[PDB]
file my_file-v9.cif (mmCIF, N, CA and C atoms)
data_upload
loop_
_atom_site.group_PDB
_atom_site.id
_atom_site.type_symbol
_atom_site.label_atom_id
_atom_site.label_comp_id
_atom_site.auth_asym_id
_atom_site.auth_seq_id
_atom_site.Cartn_x
_atom_site.Cartn_y
_atom_site.Cartn_z
ATOM 1 N N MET D 1 -11.979 3.792 -13.872
ATOM 2 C CA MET D 1 -11.091 2.904 -13.060
ATOM 3 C C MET D 1 -9.613 3.266 -13.202
ATOM 4 N N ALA D 2 -8.920 3.448 -12.073
ATOM 5 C CA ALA D 2 -7.461 3.672 -12.077
ATOM 6 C C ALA D 2 -6.714 2.400 -11.683
ATOM 7 N N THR D 3 -5.458 2.338 -12.088
ATOM 8 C CA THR D 3 -4.532 1.294 -11.685
ATOM 9 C C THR D 3 -3.899 1.676 -10.340
ATOM 10 N N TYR D 4 -4.053 0.801 -9.349
ATOM 11 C CA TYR D 4 -3.402 0.953 -8.031
ATOM 12 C C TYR D 4 -2.264 -0.057 -7.868
ATOM 13 N N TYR D 5 -1.097 0.421 -7.443
ATOM 14 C CA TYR D 5 0.047 -0.435 -7.174
ATOM 15 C C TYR D 5 0.169 -0.613 -5.679
ATOM 16 N N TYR D 6 0.602 -1.781 -5.227
ATOM 17 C CA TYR D 6 0.694 -2.022 -3.789
ATOM 18 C C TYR D 6 1.959 -2.793 -3.443
ATOM 19 N N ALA D 7 2.436 -2.571 -2.221
ATOM 20 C CA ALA D 7 3.387 -3.415 -1.530
ATOM 21 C C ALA D 7 2.714 -3.900 -0.255
ATOM 22 N N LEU D 8 2.622 -5.207 -0.098
ATOM 23 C CA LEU D 8 1.941 -5.845 1.031
ATOM 24 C C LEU D 8 2.966 -6.529 1.938
ATOM 25 N N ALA D 9 2.866 -6.272 3.235
ATOM 26 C CA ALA D 9 3.669 -6.911 4.245
ATOM 27 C C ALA D 9 2.785 -7.408 5.381
ATOM 28 N N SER D 10 3.382 -8.150 6.312
ATOM 29 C CA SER D 10 2.741 -8.493 7.579
ATOM 30 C C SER D 10 2.704 -7.247 8.473
ATOM 31 N N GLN D 11 1.735 -7.228 9.386
ATOM 32 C CA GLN D 11 1.581 -6.111 10.322
ATOM 33 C C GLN D 11 2.735 -6.058 11.242
ATOM 34 N N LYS D 12 3.229 -7.226 11.617
ATOM 35 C CA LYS D 12 4.392 -7.276 12.487
ATOM 36 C C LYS D 12 5.551 -6.555 11.797
ATOM 37 N N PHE D 13 5.832 -6.919 10.548
ATOM 38 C CA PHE D 13 6.953 -6.296 9.843
ATOM 39 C C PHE D 13 6.767 -4.765 9.615
ATOM 40 N N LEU D 14 5.645 -4.367 9.024
ATOM 41 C CA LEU D 14 5.458 -2.981 8.597
ATOM 42 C C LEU D 14 4.902 -2.070 9.673
ATOM 43 N N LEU D 15 4.303 -2.605 10.731
ATOM 44 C CA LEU D 15 3.863 -1.754 11.830
ATOM 45 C C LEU D 15 4.804 -1.785 13.004
ATOM 46 N N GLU D 16 5.481 -2.908 13.255
ATOM 47 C CA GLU D 16 6.328 -3.017 14.459
ATOM 48 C C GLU D 16 7.819 -2.949 14.145
ATOM 49 N N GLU D 17 8.302 -3.734 13.201
ATOM 50 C CA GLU D 17 9.747 -3.799 12.989
ATOM 51 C C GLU D 17 10.241 -2.644 12.128
ATOM 52 N N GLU D 18 9.483 -2.271 11.106
ATOM 53 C CA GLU D 18 9.945 -1.217 10.192
ATOM 54 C C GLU D 18 8.798 -0.210 9.939
ATOM 55 N N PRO D 19 8.392 0.494 10.980
ATOM 56 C CA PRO D 19 7.174 1.316 10.877
ATOM 57 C C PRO D 19 7.401 2.510 9.915
ATOM 58 N N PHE D 20 6.432 2.668 8.999
ATOM 59 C CA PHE D 20 6.480 3.617 7.901
ATOM 60 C C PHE D 20 5.676 4.899 8.140
ATOM 61 N N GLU D 21 5.075 5.099 9.307
ATOM 62 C CA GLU D 21 4.238 6.293 9.471
ATOM 63 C C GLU D 21 4.970 7.617 9.144
ATOM 64 N N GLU D 22 6.208 7.786 9.606
ATOM 65 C CA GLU D 22 6.978 9.013 9.303
ATOM 66 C C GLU D 22 7.366 9.148 7.856
ATOM 67 N N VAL D 23 7.735 8.044 7.227
ATOM 68 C CA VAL D 23 7.975 8.077 5.790
ATOM 69 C C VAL D 23 6.762 8.677 5.075
ATOM 70 N N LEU D 24 5.564 8.198 5.406
ATOM 71 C CA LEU D 24 4.351 8.652 4.722
ATOM 72 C C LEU D 24 4.021 10.099 5.029
ATOM 73 N N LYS D 25 4.144 10.443 6.292
ATOM 74 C CA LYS D 25 3.953 11.799 6.751
ATOM 75 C C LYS D 25 4.862 12.851 6.107
ATOM 76 N N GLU D 26 6.154 12.543 5.985
ATOM 77 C CA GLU D 26 7.086 13.447 5.361
ATOM 78 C C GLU D 26 6.752 13.582 3.881
ATOM 79 N N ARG D 27 6.307 12.487 3.259
ATOM 80 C CA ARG D 27 5.857 12.569 1.899
ATOM 81 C C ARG D 27 4.583 13.423 1.737
ATOM 82 N N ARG D 28 3.682 13.370 2.731
ATOM 83 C CA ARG D 28 2.508 14.219 2.697
ATOM 84 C C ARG D 28 2.940 15.684 2.823
ATOM 85 N N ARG D 29 3.949 15.931 3.627
ATOM 86 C CA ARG D 29 4.435 17.282 3.815
ATOM 87 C C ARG D 29 5.049 17.782 2.498
ATOM 88 N N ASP D 30 5.850 16.957 1.803
ATOM 89 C CA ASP D 30 6.400 17.391 0.483
ATOM 90 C C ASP D 30 5.332 17.641 -0.543
ATOM 91 N N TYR D 31 4.269 16.853 -0.512
ATOM 92 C CA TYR D 31 3.174 17.072 -1.435
ATOM 93 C C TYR D 31 2.461 18.360 -1.083
ATOM 94 N N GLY D 32 2.251 18.629 0.206
ATOM 95 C CA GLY D 32 1.630 19.900 0.590
ATOM 96 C C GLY D 32 2.383 21.141 0.089
ATOM 97 N N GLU D 33 3.689 21.086 0.242
ATOM 98 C CA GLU D 33 4.593 22.115 -0.237
ATOM 99 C C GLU D 33 4.341 22.544 -1.704
ATOM 100 N N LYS D 34 3.991 21.605 -2.569
ATOM 101 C CA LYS D 34 3.771 21.862 -3.989
ATOM 102 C C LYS D 34 2.315 21.745 -4.343
ATOM 103 N N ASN D 35 1.435 21.691 -3.354
ATOM 104 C CA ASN D 35 0.021 21.570 -3.652
ATOM 105 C C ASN D 35 -0.274 20.412 -4.588
ATOM 106 N N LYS D 36 0.331 19.260 -4.313
ATOM 107 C CA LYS D 36 0.082 18.021 -5.045
ATOM 108 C C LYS D 36 -0.991 17.211 -4.326
ATOM 109 N N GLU D 37 -1.916 16.628 -5.094
ATOM 110 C CA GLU D 37 -2.955 15.758 -4.543
ATOM 111 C C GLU D 37 -2.350 14.429 -3.994
ATOM 112 N N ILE D 38 -2.689 14.075 -2.762
ATOM 113 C CA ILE D 38 -2.157 12.887 -2.166
ATOM 114 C C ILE D 38 -2.653 11.684 -2.952
ATOM 115 N N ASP D 39 -1.682 10.886 -3.444
ATOM 116 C CA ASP D 39 -1.926 9.676 -4.233
ATOM 117 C C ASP D 39 -1.210 8.426 -3.672
ATOM 118 N N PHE D 40 -1.145 8.326 -2.336
ATOM 119 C CA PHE D 40 -0.599 7.135 -1.659
ATOM 120 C C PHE D 40 -1.197 6.975 -0.269
ATOM 121 N N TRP D 41 -1.293 5.746 0.209
ATOM 122 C CA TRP D 41 -1.979 5.462 1.494
ATOM 123 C C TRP D 41 -1.422 4.196 2.168
ATOM 124 N N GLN D 42 -1.594 4.121 3.487
ATOM 125 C CA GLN D 42 -1.462 2.859 4.208
ATOM 126 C C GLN D 42 -2.851 2.317 4.517
ATOM 127 N N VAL D 43 -3.094 1.070 4.127
ATOM 128 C CA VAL D 43 -4.324 0.356 4.401
ATOM 129 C C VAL D 43 -3.997 -0.903 5.229
ATOM 130 N N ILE D 44 -4.502 -0.921 6.462
ATOM 131 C CA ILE D 44 -4.341 -2.053 7.349
ATOM 132 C C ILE D 44 -5.393 -3.101 7.035
ATOM 133 N N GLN D 45 -4.929 -4.339 6.849
ATOM 134 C CA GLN D 45 -5.771 -5.480 6.510
ATOM 135 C C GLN D 45 -6.686 -5.204 5.330
ATOM 136 N N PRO D 46 -6.082 -4.890 4.167
ATOM 137 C CA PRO D 46 -6.822 -4.390 3.027
ATOM 138 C C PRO D 46 -7.901 -5.313 2.514
ATOM 139 N N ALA D 47 -9.088 -4.763 2.310
ATOM 140 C CA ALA D 47 -10.151 -5.543 1.690
ATOM 141 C C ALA D 47 -9.844 -5.852 0.215
ATOM 142 N N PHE D 48 -8.957 -5.120 -0.446
ATOM 143 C CA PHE D 48 -8.639 -5.490 -1.844
ATOM 144 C C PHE D 48 -8.111 -6.935 -2.035
ATOM 145 N N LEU D 49 -7.597 -7.527 -0.967
ATOM 146 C CA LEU D 49 -6.944 -8.811 -1.044
ATOM 147 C C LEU D 49 -7.970 -9.948 -1.092
ATOM 148 N N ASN D 50 -9.228 -9.663 -0.765
ATOM 149 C CA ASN D 50 -10.302 -10.632 -0.956
ATOM 150 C C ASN D 50 -10.832 -10.688 -2.367
ATOM 151 N N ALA D 51 -10.308 -9.855 -3.270
ATOM 152 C CA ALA D 51 -10.781 -9.873 -4.655
ATOM 153 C C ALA D 51 -10.396 -11.173 -5.387
ATOM 154 N N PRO D 52 -11.348 -11.783 -6.124
ATOM 155 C CA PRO D 52 -11.048 -13.028 -6.856
ATOM 156 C C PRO D 52 -9.713 -12.992 -7.623
ATOM 157 N N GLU D 53 -9.417 -11.889 -8.310
ATOM 158 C CA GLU D 53 -8.173 -11.803 -9.098
ATOM 159 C C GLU D 53 -6.864 -11.600 -8.301
ATOM 160 N N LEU D 54 -6.955 -11.500 -6.984
ATOM 161 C CA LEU D 54 -5.763 -11.412 -6.127
ATOM 162 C C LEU D 54 -5.656 -12.632 -5.222
ATOM 163 N N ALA D 55 -6.322 -13.715 -5.624
ATOM 164 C CA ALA D 55 -6.418 -14.932 -4.816
ATOM 165 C C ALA D 55 -5.055 -15.519 -4.516
ATOM 166 N N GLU D 56 -4.169 -15.457 -5.509
ATOM 167 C CA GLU D 56 -2.803 -15.937 -5.366
ATOM 168 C C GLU D 56 -1.999 -15.187 -4.312
ATOM 169 N N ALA D 57 -2.120 -13.862 -4.340
ATOM 170 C CA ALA D 57 -1.427 -13.030 -3.381
ATOM 171 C C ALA D 57 -2.031 -13.270 -1.994
ATOM 172 N N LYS D 58 -3.352 -13.468 -1.955
ATOM 173 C CA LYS D 58 -4.026 -13.812 -0.676
ATOM 174 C C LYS D 58 -3.488 -15.109 -0.113
ATOM 175 N N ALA D 59 -3.240 -16.092 -0.977
ATOM 176 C CA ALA D 59 -2.652 -17.375 -0.540
ATOM 177 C C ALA D 59 -1.246 -17.202 0.028
ATOM 178 N N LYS D 60 -0.444 -16.350 -0.603
ATOM 179 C CA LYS D 60 0.924 -16.101 -0.163
ATOM 180 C C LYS D 60 1.024 -15.165 1.064
ATOM 181 N N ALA D 61 -0.013 -14.401 1.356
ATOM 182 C CA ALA D 61 0.159 -13.287 2.310
ATOM 183 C C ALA D 61 0.073 -13.719 3.760
ATOM 184 N N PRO D 62 0.796 -13.044 4.662
ATOM 185 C CA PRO D 62 0.600 -13.325 6.086
ATOM 186 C C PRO D 62 -0.829 -13.033 6.550
ATOM 187 N N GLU D 63 -1.229 -13.659 7.647
ATOM 188 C CA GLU D 63 -2.623 -13.655 8.035
ATOM 189 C C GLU D 63 -3.033 -12.240 8.431
ATOM 190 N N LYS D 64 -2.150 -11.547 9.145
ATOM 191 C CA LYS D 64 -2.393 -10.189 9.574
ATOM 192 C C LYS D 64 -1.467 -9.302 8.746
ATOM 193 N N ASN D 65 -2.053 -8.495 7.883
ATOM 194 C CA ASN D 65 -1.291 -7.828 6.809
ATOM 195 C C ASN D 65 -1.656 -6.357 6.658
ATOM 196 N N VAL D 66 -0.883 -5.660 5.833
ATOM 197 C CA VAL D 66 -0.978 -4.201 5.670
ATOM 198 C C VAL D 66 -0.271 -3.805 4.395
ATOM 199 N N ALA D 67 -0.856 -2.883 3.641
ATOM 200 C CA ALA D 67 -0.296 -2.470 2.376
ATOM 201 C C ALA D 67 -0.024 -0.971 2.297
ATOM 202 N N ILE D 68 1.039 -0.632 1.588
ATOM 203 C CA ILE D 68 1.204 0.686 1.052
ATOM 204 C C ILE D 68 0.658 0.662 -0.377
ATOM 205 N N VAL D 69 -0.306 1.534 -0.653
ATOM 206 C CA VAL D 69 -0.977 1.587 -1.945
ATOM 207 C C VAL D 69 -0.795 2.960 -2.564
ATOM 208 N N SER D 70 -0.667 3.031 -3.888
ATOM 209 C CA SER D 70 -0.389 4.285 -4.597
ATOM 210 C C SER D 70 -0.703 4.147 -6.065
ATOM 211 N N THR D 71 -1.190 5.219 -6.680
ATOM 212 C CA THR D 71 -1.341 5.248 -8.141
ATOM 213 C C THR D 71 -0.038 5.591 -8.842
ATOM 214 N N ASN D 72 0.985 5.934 -8.074
ATOM 215 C CA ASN D 72 2.312 6.181 -8.608
ATOM 216 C C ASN D 72 3.216 4.940 -8.435
ATOM 217 N N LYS D 73 3.382 4.205 -9.527
ATOM 218 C CA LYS D 73 4.206 3.010 -9.623
ATOM 219 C C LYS D 73 5.607 3.170 -9.074
ATOM 220 N N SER D 74 6.280 4.263 -9.414
ATOM 221 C CA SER D 74 7.665 4.452 -8.960
ATOM 222 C C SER D 74 7.753 4.655 -7.441
ATOM 223 N N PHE D 75 6.704 5.176 -6.804
ATOM 224 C CA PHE D 75 6.720 5.197 -5.345
ATOM 225 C C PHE D 75 6.787 3.766 -4.804
ATOM 226 N N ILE D 76 6.000 2.896 -5.399
ATOM 227 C CA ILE D 76 5.874 1.532 -4.870
ATOM 228 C C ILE D 76 7.167 0.744 -5.134
ATOM 229 N N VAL D 77 7.775 1.005 -6.279
ATOM 230 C CA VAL D 77 9.083 0.450 -6.596
ATOM 231 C C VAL D 77 10.040 0.896 -5.529
ATOM 232 N N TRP D 78 9.998 2.177 -5.176
ATOM 233 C CA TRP D 78 10.823 2.634 -4.086
ATOM 234 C C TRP D 78 10.515 1.911 -2.759
ATOM 235 N N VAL D 79 9.245 1.716 -2.425
ATOM 236 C CA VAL D 79 8.911 1.024 -1.141
ATOM 237 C C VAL D 79 9.480 -0.402 -1.146
ATOM 238 N N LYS D 80 9.270 -1.097 -2.253
ATOM 239 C CA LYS D 80 9.780 -2.467 -2.470
ATOM 240 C C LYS D 80 11.313 -2.505 -2.328
ATOM 241 N N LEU D 81 12.019 -1.581 -2.983
ATOM 242 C CA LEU D 81 13.469 -1.530 -2.855
ATOM 243 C C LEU D 81 13.883 -1.245 -1.421
ATOM 244 N N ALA D 82 13.159 -0.398 -0.717
ATOM 245 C CA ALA D 82 13.579 -0.014 0.618
ATOM 246 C C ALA D 82 13.289 -1.099 1.623
ATOM 247 N N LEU D 83 12.188 -1.814 1.455
ATOM 248 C CA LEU D 83 11.730 -2.740 2.476
ATOM 249 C C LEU D 83 12.180 -4.187 2.263
ATOM 250 N N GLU D 84 12.188 -4.608 1.000
ATOM 251 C CA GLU D 84 12.469 -6.004 0.545
ATOM 252 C C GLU D 84 11.387 -7.021 0.859
ATOM 253 N N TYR D 85 11.073 -7.189 2.129
ATOM 254 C CA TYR D 85 10.208 -8.275 2.532
ATOM 255 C C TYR D 85 8.778 -7.857 2.265
ATOM 256 N N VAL D 86 8.360 -7.892 0.996
ATOM 257 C CA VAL D 86 6.995 -7.542 0.606
ATOM 258 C C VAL D 86 6.519 -8.282 -0.621
ATOM 259 N N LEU D 87 5.190 -8.404 -0.730
ATOM 260 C CA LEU D 87 4.552 -8.801 -1.948
ATOM 261 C C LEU D 87 4.128 -7.539 -2.694
ATOM 262 N N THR D 88 4.212 -7.562 -4.011
ATOM 263 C CA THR D 88 3.808 -6.413 -4.777
ATOM 264 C C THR D 88 2.953 -6.831 -5.918
ATOM 265 N N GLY D 89 2.241 -5.858 -6.471
ATOM 266 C CA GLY D 89 1.291 -6.144 -7.508
ATOM 267 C C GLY D 89 0.480 -4.898 -7.782
ATOM 268 N N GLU D 90 -0.604 -5.082 -8.527
ATOM 269 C CA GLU D 90 -1.423 -3.987 -8.987
ATOM 270 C C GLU D 90 -2.822 -4.486 -9.215
ATOM 271 N N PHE D 91 -3.768 -3.563 -9.310
ATOM 272 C CA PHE D 91 -5.151 -3.894 -9.585
ATOM 273 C C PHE D 91 -5.881 -2.641 -10.056
ATOM 274 N N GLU D 92 -7.146 -2.823 -10.409
ATOM 275 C CA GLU D 92 -7.964 -1.747 -10.881
ATOM 276 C C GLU D 92 -9.188 -1.592 -10.019
ATOM 277 N N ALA D 93 -9.556 -0.339 -9.814
ATOM 278 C CA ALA D 93 -10.659 0.016 -8.951
ATOM 279 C C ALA D 93 -11.203 1.383 -9.398
ATOM 280 N N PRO D 94 -12.485 1.649 -9.115
ATOM 281 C CA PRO D 94 -13.370 0.702 -8.445
ATOM 282 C C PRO D 94 -14.024 -0.314 -9.390
ATOM 283 N N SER D 95 -14.405 -1.448 -8.817
ATOM 284 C CA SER D 95 -14.988 -2.553 -9.549
ATOM 285 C C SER D 95 -15.954 -3.225 -8.590
ATOM 286 N N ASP D 96 -16.621 -4.278 -9.053
ATOM 287 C CA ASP D 96 -17.528 -5.013 -8.184
ATOM 288 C C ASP D 96 -16.746 -5.753 -7.120
ATOM 289 N N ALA D 97 -15.662 -6.404 -7.537
ATOM 290 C CA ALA D 97 -14.763 -7.093 -6.613
ATOM 291 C C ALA D 97 -14.024 -6.134 -5.681
ATOM 292 N N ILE D 98 -13.594 -4.971 -6.199
ATOM 293 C CA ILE D 98 -12.899 -3.986 -5.367
ATOM 294 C C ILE D 98 -13.641 -2.646 -5.407
ATOM 295 N N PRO D 99 -14.722 -2.512 -4.624
ATOM 296 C CA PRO D 99 -15.444 -1.232 -4.648
ATOM 297 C C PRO D 99 -14.590 -0.070 -4.125
ATOM 298 N N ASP D 100 -13.953 -0.255 -2.974
ATOM 299 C CA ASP D 100 -13.102 0.777 -2.375
ATOM 300 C C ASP D 100 -11.647 0.267 -2.235
ATOM 301 N N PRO D 101 -10.730 0.805 -3.032
ATOM 302 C CA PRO D 101 -9.385 0.295 -2.965
ATOM 303 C C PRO D 101 -8.724 0.522 -1.622
ATOM 304 N N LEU D 102 -9.201 1.493 -0.851
ATOM 305 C CA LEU D 102 -8.608 1.796 0.437
ATOM 306 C C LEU D 102 -9.332 1.178 1.625
ATOM 307 N N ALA D 103 -10.349 0.361 1.372
ATOM 308 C CA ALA D 103 -11.146 -0.214 2.479
ATOM 309 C C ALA D 103 -10.357 -1.217 3.293
ATOM 310 N N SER D 104 -10.455 -1.103 4.617
ATOM 311 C CA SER D 104 -9.878 -2.077 5.528
ATOM 312 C C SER D 104 -10.904 -3.116 6.001
ATOM 313 N N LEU D 105 -10.508 -4.384 6.030
ATOM 314 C CA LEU D 105 -11.320 -5.440 6.674
ATOM 315 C C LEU D 105 -11.342 -5.348 8.189
ATOM 316 N N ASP D 106 -10.352 -4.676 8.745
ATOM 317 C CA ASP D 106 -10.131 -4.639 10.177
ATOM 318 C C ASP D 106 -10.881 -3.443 10.761
#
call {"tool": "encode", "arguments": {"input": "my_file-v9.cif", "output": "structure tokens"}}
result
Amino acid sequence: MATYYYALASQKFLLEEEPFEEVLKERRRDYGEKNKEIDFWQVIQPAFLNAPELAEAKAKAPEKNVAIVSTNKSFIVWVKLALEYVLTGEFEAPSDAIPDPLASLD
């Protein structure tokens, strides 16, 4: 099991008002340059948020949501600093509650 860090926003905010697709893409390009394994993702309507131990974040979260997830904590700190309007946290996977950390409910 690895520790996954996340920043969670509403779909409206992270897909429409402040879309991150190019940020992620340019980061994939920098990783390709150095042959680094990709360790970050966008997950729309993440199934991780239905996990019993994230119930609090589920209560706080907008109904239609989306996360940037990464095993690199400092990336997520950077996303949080850049975006502001996000929930953040961490979890462990895979587990019974979180079989696939990247699974979408949508």
call {"tool": "closest_residue", "arguments": {"input": "my_file-v9.cif", "among": "D:98, D:55, D:93, D:103", "to": "residue D:3", "atoms": "all atoms listed in the file"}}
result
D:93
call {"tool": "select_by_dssp", "arguments": {"input": "my_file-v9.cif", "residues": "chain D", "states": "strand (DSSP E or B)", "output": "PyMOL selection string"}}
result
chain D and resi 2-10+40-44+46+65-70+87-93+104
call {"tool": "resolve_selection", "arguments": {"input": "my_file-v9.cif", "expression": "the PyMOL selection byres (((chain D and resi 62-69 and name CA) around 10) and name CA)", "output": "PyMOL selection string"}}
result
chain D and resi 4-15+20+24+39-46+48-49+57-61+70-73+75-76+79-80+86-90+101-102+104+106
call {"tool": "write_last_selection", "arguments": {"input": "my_file-v9.cif", "atoms": "N, CA and C atoms", "output": "short mmCIF file (atom, residue, chain, number, x, y, z; two decimals), keeping the file's coordinate frame"}}
result
data_model
loop_
_atom_site.label_atom_id
_atom_site.label_comp_id
_atom_site.auth_asym_id
_atom_site.auth_seq_id
_atom_site.Cartn_x
_atom_site.Cartn_y
_atom_site.Cartn_z
N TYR D 4 -4.05 0.80 -9.35
CA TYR D 4 -3.40 0.95 -8.03
C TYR D 4 -2.26 -0.06 -7.87
N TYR D 5 -1.10 0.42 -7.44
CA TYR D 5 0.05 -0.44 -7.17
C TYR D 5 0.17 -0.61 -5.68
N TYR D 6 0.60 -1.78 -5.23
CA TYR D 6 0.69 -2.02 -3.79
C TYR D 6 1.96 -2.79 -3.44
N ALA D 7 2.44 -2.57 -2.22
CA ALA D 7 3.39 -3.42 -1.53
C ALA D 7 2.71 -3.90 -0.26
N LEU D 8 2.62 -5.21 -0.10
CA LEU D 8 1.94 -5.84 1.03
C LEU D 8 2.97 -6.53 1.94
N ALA D 9 2.87 -6.27 3.24
CA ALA D 9 3.67 -6.91 4.24
C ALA D 9 2.78 -7.41 5.38
N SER D 10 3.38 -8.15 6.31
CA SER D 10 2.74 -8.49 7.58
C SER D 10 2.70 -7.25 8.47
N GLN D 11 1.74 -7.23 9.39
CA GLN D 11 1.58 -6.11 10.32
C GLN D 11 2.74 -6.06 11.24
N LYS D 12 3.23 -7.23 11.62
CA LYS D 12 4.39 -7.28 12.49
C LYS D 12 5.55 -6.56 11.80
N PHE D 13 5.83 -6.92 10.55
CA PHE D 13 6.95 -6.30 9.84
C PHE D 13 6.77 -4.76 9.62
N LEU D 14 5.64 -4.37 9.02
CA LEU D 14 5.46 -2.98 8.60
C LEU D 14 4.90 -2.07 9.67
N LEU D 15 4.30 -2.60 10.73
CA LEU D 15 3.86 -1.75 11.83
C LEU D 15 4.80 -1.78 13.00
N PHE D 20 6.43 2.67 9.00
CA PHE D 20 6.48 3.62 7.90
C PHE D 20 5.68 4.90 8.14
N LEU D 24 5.56 8.20 5.41
CA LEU D 24 4.35 8.65 4.72
C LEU D 24 4.02 10.10 5.03
N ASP D 39 -1.68 10.89 -3.44
CA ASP D 39 -1.93 9.68 -4.23
C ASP D 39 -1.21 8.43 -3.67
N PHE D 40 -1.14 8.33 -2.34
CA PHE D 40 -0.60 7.14 -1.66
C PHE D 40 -1.20 6.98 -0.27
N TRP D 41 -1.29 5.75 0.21
CA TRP D 41 -1.98 5.46 1.49
C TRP D 41 -1.42 4.20 2.17
N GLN D 42 -1.59 4.12 3.49
CA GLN D 42 -1.46 2.86 4.21
C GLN D 42 -2.85 2.32 4.52
N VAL D 43 -3.09 1.07 4.13
CA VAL D 43 -4.32 0.36 4.40
C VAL D 43 -4.00 -0.90 5.23
N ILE D 44 -4.50 -0.92 6.46
CA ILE D 44 -4.34 -2.05 7.35
C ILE D 44 -5.39 -3.10 7.04
N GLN D 45 -4.93 -4.34 6.85
CA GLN D 45 -5.77 -5.48 6.51
C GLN D 45 -6.69 -5.20 5.33
N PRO D 46 -6.08 -4.89 4.17
CA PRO D 46 -6.82 -4.39 3.03
C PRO D 46 -7.90 -5.31 2.51
N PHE D 48 -8.96 -5.12 -0.45
CA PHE D 48 -8.64 -5.49 -1.84
C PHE D 48 -8.11 -6.94 -2.04
N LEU D 49 -7.60 -7.53 -0.97
CA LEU D 49 -6.94 -8.81 -1.04
C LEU D 49 -7.97 -9.95 -1.09
N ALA D 57 -2.12 -13.86 -4.34
CA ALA D 57 -1.43 -13.03 -3.38
C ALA D 57 -2.03 -13.27 -1.99
N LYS D 58 -3.35 -13.47 -1.96
CA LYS D 58 -4.03 -13.81 -0.68
C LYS D 58 -3.49 -15.11 -0.11
N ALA D 59 -3.24 -16.09 -0.98
CA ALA D 59 -2.65 -17.38 -0.54
C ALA D 59 -1.25 -17.20 0.03
N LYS D 60 -0.44 -16.35 -0.60
CA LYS D 60 0.92 -16.10 -0.16
C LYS D 60 1.02 -15.16 1.06
N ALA D 61 -0.01 -14.40 1.36
CA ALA D 61 0.16 -13.29 2.31
C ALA D 61 0.07 -13.72 3.76
N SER D 70 -0.67 3.03 -3.89
CA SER D 70 -0.39 4.28 -4.60
C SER D 70 -0.70 4.15 -6.06
N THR D 71 -1.19 5.22 -6.68
CA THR D 71 -1.34 5.25 -8.14
C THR D 71 -0.04 5.59 -8.84
N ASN D 72 0.98 5.93 -8.07
CA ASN D 72 2.31 6.18 -8.61
C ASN D 72 3.22 4.94 -8.44
N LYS D 73 3.38 4.20 -9.53
CA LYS D 73 4.21 3.01 -9.62
C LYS D 73 5.61 3.17 -9.07
N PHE D 75 6.70 5.18 -6.80
CA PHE D 75 6.72 5.20 -5.34
C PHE D 75 6.79 3.77 -4.80
N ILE D 76 6.00 2.90 -5.40
CA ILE D 76 5.87 1.53 -4.87
C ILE D 76 7.17 0.74 -5.13
N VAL D 79 9.24 1.72 -2.42
CA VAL D 79 8.91 1.02 -1.14
C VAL D 79 9.48 -0.40 -1.15
N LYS D 80 9.27 -1.10 -2.25
CA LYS D 80 9.78 -2.47 -2.47
C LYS D 80 11.31 -2.50 -2.33
N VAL D 86 8.36 -7.89 1.00
CA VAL D 86 7.00 -7.54 0.61
C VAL D 86 6.52 -8.28 -0.62
N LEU D 87 5.19 -8.40 -0.73
CA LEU D 87 4.55 -8.80 -1.95
C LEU D 87 4.13 -7.54 -2.69
N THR D 88 4.21 -7.56 -4.01
CA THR D 88 3.81 -6.41 -4.78
C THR D 88 2.95 -6.83 -5.92
N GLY D 89 2.24 -5.86 -6.47
CA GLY D 89 1.29 -6.14 -7.51
C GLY D 89 0.48 -4.90 -7.78
N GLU D 90 -0.60 -5.08 -8.53
CA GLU D 90 -1.42 -3.99 -8.99
C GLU D 90 -2.82 -4.49 -9.22
N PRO D 101 -10.73 0.80 -3.03
CA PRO D 101 -9.38 0.30 -2.96
C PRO D 101 -8.72 0.52 -1.62
N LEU D 102 -9.20 1.49 -0.85
CA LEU D 102 -8.61 1.80 0.44
C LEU D 102 -9.33 1.18 1.62
N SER D 104 -10.46 -1.10 4.62
CA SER D 104 -9.88 -2.08 5.53
C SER D 104 -10.90 -3.12 6.00
N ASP D 106 -10.35 -4.68 8.74
CA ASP D 106 -10.13 -4.64 10.18
C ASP D 106 -10.88 -3.44 10.76
#
call {"tool": "atom_distance", "arguments": {"input": "my_file-v9.cif", "atom1": "atom CA of residue D:38", "atom2": "atom CA of residue D:83"}}
result
21.4 Å
call {"tool": "atom_distance", "arguments": {"input": "my_file-v9.cif", "atom1": "atom CA of residue D:56", "atom2": "atom CA of residue D:17"}}
result
25.3 Å
call {"tool": "closest_residue", "arguments": {"input": "my_file-v9.cif", "among": "D:47, D:36, D:25, D:91", "to": "residue D:105", "atoms": "only N, CA and C atoms"}}
result
D:47
call {"tool": "atom_distance", "arguments": {"input": "my_file-v9.cif", "atom1": "atom N of residue D:95", "atom2": "atom CA of residue D:51"}}
result
10.1 Å
call {"tool": "select_by_dssp", "arguments": {"input": "my_file-v9.cif", "residues": "chain D", "states": "alpha helix (DSSP H)", "output": "VMD selection string"}}
result
chain D and resid 11 21 to 33 55 to 60 73 to 83
call {"tool": "axis_aligned_box", "arguments": {"input": "my_file-v9.cif", "around": "stretch 28-42 of chain D", "padding_each_side": "8 Å", "output": "JSON"}}
result
{"center_x": 1.7, "center_y": 12.4, "center_z": -0.3, "size_x": 25.4, "size_y": 36.2, "size_z": 25.6}
